[PDB]
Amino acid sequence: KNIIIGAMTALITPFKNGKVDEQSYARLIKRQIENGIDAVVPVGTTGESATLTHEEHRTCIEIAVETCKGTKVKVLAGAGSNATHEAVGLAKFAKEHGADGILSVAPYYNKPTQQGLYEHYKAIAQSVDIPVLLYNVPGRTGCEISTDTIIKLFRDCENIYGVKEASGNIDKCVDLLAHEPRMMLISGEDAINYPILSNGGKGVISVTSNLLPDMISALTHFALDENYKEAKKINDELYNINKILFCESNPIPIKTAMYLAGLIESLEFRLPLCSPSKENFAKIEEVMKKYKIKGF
């Protein structure tokens, strides 16, 4: 299978006067490229996919594709939806506009059965010829892609090559790779990046890397080179920021941190997201003081 692995960033989507700040977006992506990242994920959960229109979503995929040209950095385009016809449309767009693969979140809110998830992802995978990474985040979607369903999809569809796990369930990560060791398990939970990598995970799709791209890429690359001692070191050092970036619902803290670091111009969300409490603002600012944040 064609794969997209290594250190990856779930890019925040900056807003200015309620519109996507397209120049800021390209600048943030170039900062990722210059700090050792292997791929970027436009419009994942961290990019506020829910509140972008289908047009803004497509614009952000294009900006990512254009910005990574002339580099090794791949674009793993966010293309999931809880409606299969929407997810297929996003997948075809990503392929036709030069994305290297797609991320595809489990349908949220309508809770498909395992049979429905299989049919959902088969339809998506049959619509394009580029790699497809599943994405399990049950605390947000209300559903779980079972290990058996992930393995069946991996074996039955040529371009489905792995899963981003954001489930806080290392037992499930053992289950996945013990029964199907050819799949690419990708960490979607920064605090446990190293444990997932040490069990044979092959990359991360990170929130923290928005702020600290050099640290996440170093951790991932150490782990892939089997220097687990140094990968663990960075994972342990990052624990405090990894946790504080979820003191409120992601991406509220990471955008707060990017704004405090001077990396975006305004602390702007689209409703229903909004600024953190005054207390959590101060907590984020305090934890940032322990880390060295790269500029542009």
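Residue indices: 1-based, along the sequence shown.
Check your understanding: At the C-alpha atoms, which of 114, 206, 82, 127 reaches the highest B-factor in this entry?
Key -> Top of the list by C-alpha B-factor: 127.
Check your understanding: Which third of the chain does residue 72 land in by C-alpha B-factor: lowest, middle or highest?
Key -> As the PDB entry reports it, the C-alpha B-factor of residue 72 lands in the highest third of its chain.
Practice item. Would you mind ranking residue 187 by its C-alpha B-factor against the rest of the chain and naming the third, lowest, middle or highest? Key: According to the entry, residue 187 has a C-alpha B-factor in the chain's lowest third.
Practice item. Relative to the other modelled residues of the same chain, rank the CA B-factor of residue 273 and answer lowest, middle or highest third. Key: Its C-alpha B-factor, which the entry lists for residue 273, ranks in the middle third among residues of this chain.
Check your understanding: Within this chain, which third does the Cα B-factor at residue 181 fall in: lowest, middle or highest?
Key -> Middle third - that is where residue 181 ends up once the chain's C-alpha B-factors are sorted.
Review point. Should residue 164 be placed in the lowest, middle or highest third of its chain by the C-alpha B factor in the entry?
Key: CA B-factor rank for residue 164: lowest third.
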